[PDB]
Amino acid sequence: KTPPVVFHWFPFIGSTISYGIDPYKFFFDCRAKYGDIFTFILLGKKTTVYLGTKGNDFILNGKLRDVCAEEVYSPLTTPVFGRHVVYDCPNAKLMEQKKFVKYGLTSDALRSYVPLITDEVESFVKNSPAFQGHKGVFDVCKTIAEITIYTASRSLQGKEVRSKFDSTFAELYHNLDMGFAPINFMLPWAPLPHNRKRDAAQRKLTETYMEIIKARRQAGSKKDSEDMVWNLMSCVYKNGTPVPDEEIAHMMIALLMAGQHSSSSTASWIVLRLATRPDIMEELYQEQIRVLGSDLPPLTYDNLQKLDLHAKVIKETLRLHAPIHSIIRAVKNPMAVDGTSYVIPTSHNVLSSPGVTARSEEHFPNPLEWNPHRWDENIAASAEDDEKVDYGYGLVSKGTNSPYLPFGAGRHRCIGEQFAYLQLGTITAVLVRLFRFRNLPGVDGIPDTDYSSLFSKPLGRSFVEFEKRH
C-alpha cells in the first residue's frame, strides 16, 4: 500500500540482510523493479526510500515539521557523544551548536592546522613501526586510522587531547566506539557488557575534557586556534548563556567520533585506490613537482589548493566510497509527493541515499570505474549553482539538483567538509611525497565494502606494498 512495498520472505528481518550486505546493490535491484520509490522494512520500522535528485531534495530539504533527524538517531548517538549536544536537543539548539563549530573552523584556524598535520604524519612515518625500512607491506586501515586520529587530535582537539592519545585515550575511544554498532541501533539501552563499557568510557572522557577546560581557566590564557579554546569563548547562545564545559566536552567527543570514522575510512580507500593505480600516484607526485617546484617546499594552506589532482582523487574517492550510505529521517506529518499518488505516512521512516545518484550511469558514465580524470569537467571543494539558505549557521547550499552530495544537504549538511578536505589532502600529499604503493603479488582490484557498521569501510584486513623514494 502507498509506496510500493518490497516483496520479501519474512517478517521483521525483511530485507535488512539484503540491505546490510550491500545497500547500493539492494537499492539498485529495487530501482529496477519499483522505480524511484520503494518501502522496505529493516527490522521494526518501515523505511521509505526516495531516490533521484528529487528524492534527495525531498528528504534533505524536507520541512522541519515533517521530517525529524534526532528521533531516528538520538538513542544510538546520545549515549556515545553525551547529553545536551547534537541530537539530544531540539533542532534549533543544534543549529547554534553547528554555528559554534563552523565558527571555529575559519580559514585562519585551517591555516594553523596544515603545519600541525604535516608534522604528525611525518612524525608517524619516522617513529611508527608501520613504515620502517625502504620496502615492505602495511595494514592500511589500521595504520591509516592511527594517522587520522593523531592529525585530528593535534589540530582540532588540541595539545592535551593529542597527548592523552599516548595514554588512556586510545582505550577510552575504543571502548566508547563500541557504542556505535547498529545492534545498538535498536538495543542502545540494553545493559550488555559492550554498552556498560560505552557508558563507562563516555563518563571518563567527559571528566577528562572538563579537567582540561578547568585547567585552562585556572591559567586564563590562550594559545593557537583549536576548537577547545574556541568553545570556551564561543560559549554564548542567543539567550545569553555560556556553553557549559560539559556540553563543550560532549561536543569535542562528537567531533572526535564523527571526524575519525569518516576520515579513517576515506583515507583508507584513498591509499587502496592509489595502490591499484600506480600511474595516478606518479601523476600526483609529478603535480607537486610541477606546481610546487623541484625543491618541494613545505605544504601550507595556500599551496594545497593548487593541487588540483589531489582534490580530484578525494572527490572521486568520496563518490564511490563515502562512509554514509543511508540518510534516514523520522516522518512526523503525512507528506504528499509532488508528482504521484503516493503518500508517505507517519509510521514510516524516510531514507535518502545520495550515493545512488553518485553511481548512476545518467549522472556519471561508467560509474563504478574509479577515475579522478572524470573530474576534468569541474572541481569544487565548495560547490555549485543552487540556492543558499541559512538555518542559523553560515550559509549552506541546500541545492539538490546535484547527484553528488557526499556531505549531504539541507540544515543538517556537514560542517566539517573543509576540515575533512584539509586533513585528507594533507595526509595524501605527504604520503605521495614519501611513498609509492602497490598491491600484494597476485592481488587485483580493491577489497569489498563493509556495510555492517554505521560507517562503511573496507571489508577485511588489507595490506599493500610501500616503497620509499629516497
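So that there is no doubt, residue numbering starts at 1 and follows the sequence shown.
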Mean Cα B-factor comparison, 419-427 or 39-47, giving the higher one as deposited
39-47
Comparing mean C-alpha B factor in the record for 232-240 and 345-353, the higher one is 232-240
When you compare the CA B-factors of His321, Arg216, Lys315, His194 as listed in the entry, which one comes out on top?
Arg216
Kindly indicate the residue among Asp199, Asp390, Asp139, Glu122 with the greatest C-alpha B-factor in the PDB record.
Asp390
According to the PDB entry, is the CA B factor of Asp177 in the bottom, middle or top third of its chain, that is, lowest, middle or highest?
lowest
Using the temperature factors of the C-alpha atoms in this entry, rank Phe407 within its chain: lowest, middle or highest third.
lowest
Per the entry's values, where does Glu146 land by CA temperature factor relative to the rest of its chain, in the lowest, middle or highest third?
lowest
Third assignment of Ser382 from its chain's C-alpha B-factors:
highest
The third of the chain into which the C-alpha temperature factor of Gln157 falls is the middle
